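Okay, so here's the structure we're looking at.
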Amino acid sequence: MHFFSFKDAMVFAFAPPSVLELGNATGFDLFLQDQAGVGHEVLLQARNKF
Amino acid sequence: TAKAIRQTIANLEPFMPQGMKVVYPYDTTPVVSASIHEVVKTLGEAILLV
Amino acid sequence: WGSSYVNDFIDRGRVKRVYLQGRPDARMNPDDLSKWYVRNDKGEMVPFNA
């Protein structure tokens with residue numbers, strides 16, 4: 653994470669959790685859903701706002 | 302399951318338009334709840350009156 | 753008269769259907785079924801009651 657800070661790629665390195673069967677990353681995760689039928693770009697700009 | 306239905310539409314009514322609402326014109330669980338409540342009311346009166 | 757369902761189409765992000773049928777006044781009485789035409793092999797149209 654110090655040597656990989658180079659130009660071309662946005663390389664991200666990490667370690668799996670201790671039980672690989674349960675997920676692949678520690679911490680929280682959530683979904684943002686479109687209920688009213690609004691388009692994709694509105695949900696994209698909402699994700700950027702979040 | 303009736304409670305699950307009533308809660309799985311309760312998070313959908315914020316996304317409904319203003320010219321809409323939901324009611325329950327036909328339902329069968331209140332007579333079940335009233336029957337079990339009535340029989341435990343009779344038993345609870347019975348065990349103190351005796 | 754059979755309301756043929758041809759393929760699908762997108763509507764508000766949801767997939768729905770497209771059907772094909774004659775207009776109502778083309779099919780209301782038996783002689784209205786005589787109003788339809790079919791193309792023969794050499795090109796011209798021939799009515800159904802023929």
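Chains as they are written, first to last, in full-length UniProt numbering: chain A, 653 to 702; chain B, 302 to 351; chain C, 753 to 802. In this text, a Cβ means the ideal position worked out from N, Cα and C, and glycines have one as well.
Exercise. Starting from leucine 772 of chain C, trace the alpha helix (DSSP H) both ways and give me its first and last residue.
Key: Here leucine 772 of chain C belongs to no alpha helix (DSSP H); instead the beta strand (DSSP E) covers 766-772.
Exercise. Assign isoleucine 310 of chain B to one of three DSSP states: helix, strand, or coil.
Key: coil
Quiz item: Roughly how many whole angstroms lie between the Cα atoms of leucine 350 of chain B and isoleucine 337 of chain B?
Solution: 20 angstroms
Practice problem: Report the partner residues of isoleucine 762 of chain C according to the DSSP bridge assignment. | Solution: C:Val767
Quiz item: What did DSSP end up calling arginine 791 of chain C once you bin it into helix, strand or coil?
Solution: strand
Quiz item: Candidates C:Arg766, C:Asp793 and C:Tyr789: which alpha carbon is nearest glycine 774 of chain C's?
Solution: C:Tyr789
Quiz item: Is the stretch 302-322 of chain B in contact with the stretch 662-674 of chain A, if contact means three or more CB pairs nearer than 8 angstroms?
Solution: no
Quiz prompt | Closest Cα partner of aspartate 783 of chain C within the set C:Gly754, C:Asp760, C:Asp763 and C:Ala802 | solution = C:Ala802
Quiz item: According to DSSP, what are the bridge partners of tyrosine 757 of chain C?
Solution: C:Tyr771
Exercise. Please report how far the alpha carbon of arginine 779 of chain C lies from the alpha carbon of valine 758 of chain C, in whole angstroms.
Key: 20 angstroms
Quiz item: Can at least three beta-carbon pairs, one atom from the stretch 761-774 of chain C and one from the stretch 685-695 of chain A, be found at a separation below 8 angstroms?
Solution: yes
Quiz item: DSSP three-state call for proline 668 of chain A: helix, strand or coil?
Solution: coil
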